[PDB]
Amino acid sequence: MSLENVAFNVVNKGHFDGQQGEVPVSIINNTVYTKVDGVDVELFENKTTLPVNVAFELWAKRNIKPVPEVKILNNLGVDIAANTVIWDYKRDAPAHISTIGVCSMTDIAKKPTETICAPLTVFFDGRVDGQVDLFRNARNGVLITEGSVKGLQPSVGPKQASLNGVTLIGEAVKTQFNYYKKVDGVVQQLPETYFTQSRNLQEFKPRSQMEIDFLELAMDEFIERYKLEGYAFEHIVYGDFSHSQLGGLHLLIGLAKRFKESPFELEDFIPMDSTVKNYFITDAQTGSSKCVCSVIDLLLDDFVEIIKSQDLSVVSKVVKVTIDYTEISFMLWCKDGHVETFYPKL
């Protein structure tokens, strides 16, 4: 361990790479600086709740390969990672507060076989040599692999993974993982799940013919083509901006469509990675706004499947949907056999 050594690696290798060497370091203002040719240059600003120098080290020792999005790990109940740091780029902080064989200040253990780790769900990366076997010996754990594991039934994970804070479907690298989980020394069967698409509002990319049609076509043209009469897409997806309180607008693709033609404000008042997000929206054009707007990025085809697979005979009820391996509650309101609204409740 050495602050100056960590700094040397960041300067010379872009991250911690176990290289020998030292550079001069100063710490002020929750910030780490290094001296370059007689002047101080900022290397790291600490936005975590850890000590500046500890956060610096964990950031430097972050996983720089494609890794599961934090929301996936959280949903599977991961407490800690084996011999790596999953950096949470949404929070600009470590996904997990403790480590195993990374950093002396945050380590609870050097190896995941230590008894302190037993009650924790440890994340194992099958791409790293030996970690598949560690998962077999672990009481509680989650495992990812690129291929088959002998004697374990896989769960096909999302297409996308996070690489240095960039969520992408890898072409030059593999981002689709098989998932395995153990609880109390017993291999679990992971449930059937939809997956969120983890897209952003600005450069929203469609991933189906339906989504291409939605973005290109007008509202009534689209609803007609896919026979979505009575499912209240006008409200739920397209959004209603007629009243002071903004109605619906619960699918990300719907936001992307409007943002294209008419910008608006999104306040991310809980800035973290989560399967579904709450935003305080204010529509700049109309002045329609709402304090808590639940937004989820499902493939529109998946959302259509879900809403078409519900009974529409009651006024209001909770609808449970497994998304990203967690149970998301939706509220379904109907009237005379038609949907009034269908939105996630967090």
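Numbers follow the displayed sequence, beginning with 1.
*Asks:* For the C-alpha atoms alone, is the average B factor greater in 209-217 or in 155-163, going by the entry?
*Replies:* So the stretch with the higher mean C-alpha B-factor is 209-217.
*Asks:* Averaging only over Cα atoms, indicate whether 263-271 or 220-228 has the higher B-factor in the PDB entry.
*Replies:* Going by the record's values, the stretch with the higher mean is 220-228.
*Asks:* Which is it among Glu203, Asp107, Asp92, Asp79: the one with the largest CA B-factor in the entry?
*Replies:* Max CA B-factor in the entry, restricted to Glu203, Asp107, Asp92, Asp79: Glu203.
*Asks:* I'd like to know which of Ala60, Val70, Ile27, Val314 has the highest C-alpha temperature factor in the PDB entry.
*Replies:* That would be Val314, according to the entry.
*Asks:* Lowest, middle or highest third of the chain for the C-alpha temperature factor of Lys13?
*Replies:* Ranked within chain, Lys13 CA B lands in the middle tercile.
*Asks:* When the deposited Cα B-factors of this chain's modelled residues are ordered and cut into thirds, is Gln285 in the lowest, the middle or the highest one?
*Replies:* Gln285: CA B-factor falls in the highest third of its chain.
*Asks:* Please place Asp324 in the lowest, middle or highest third of its chain by C-alpha B factor as given in the entry.
*Replies:* According to the entry, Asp324 has a C-alpha B-factor in the chain's lowest third.
*Asks:* Looking at the temperature factor on the CA atom of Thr145, which third of the chain's modelled residues does it land in?
*Replies:* For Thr145, whose C-alpha B-factor we compare with every modelled residue in the chain, the answer is the middle third.
*Asks:* By the record's CA B-factor, is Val23 among the lowest, middle or highest third of residues in the chain?
*Replies:* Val23: CA B-factor falls in the lowest third of its chain.
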